[PDB]
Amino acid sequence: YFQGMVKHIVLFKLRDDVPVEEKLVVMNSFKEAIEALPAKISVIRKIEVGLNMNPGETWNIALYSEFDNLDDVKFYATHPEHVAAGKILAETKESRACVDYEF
């Protein structure tokens, strides 16, 4: 059945020339920071970070999340706790891909 809710999906790729250990530190710190946000950002219905484990793929980090509506996605996006979490990627990030869709 149709939920009338929104999935916010983001994939990130880090630069190729970042050392392995730095990619791991960044990815682990970002995953922890993001997954702690529900205690601080009330509109998050579900959130998780997945780290790529397929060596045939080149992107690094997936953020899978659910919100009631797009206003709530925007509330989350600019929330100070979320902005802090996103800065974790600032030095190493190469690309961001995002789709927001209804389910």
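One rule holds for the numbers: they count along the sequence shown, beginning at 1.
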Quick check: 1-9 versus 92-100, which has the larger average CA B-factor in the record?
1-9
Residue 42 - which third its CA temperature factor falls in, relative to the rest of the chain:
lowest
CA B-factor ranking of residue 51, expressed as a third of its chain:
lowest
Is residue 87 in the lowest, middle or highest third of its chain when residues are ranked by C-alpha B-factor?
highest
Quick check for you: using the entry's CA B-factors within this chain, is residue 81 in the lowest, middle or highest third?
middle
What third of its chain's C-alpha B-factors does residue 33 belong to: lowest, middle or highest?
highest
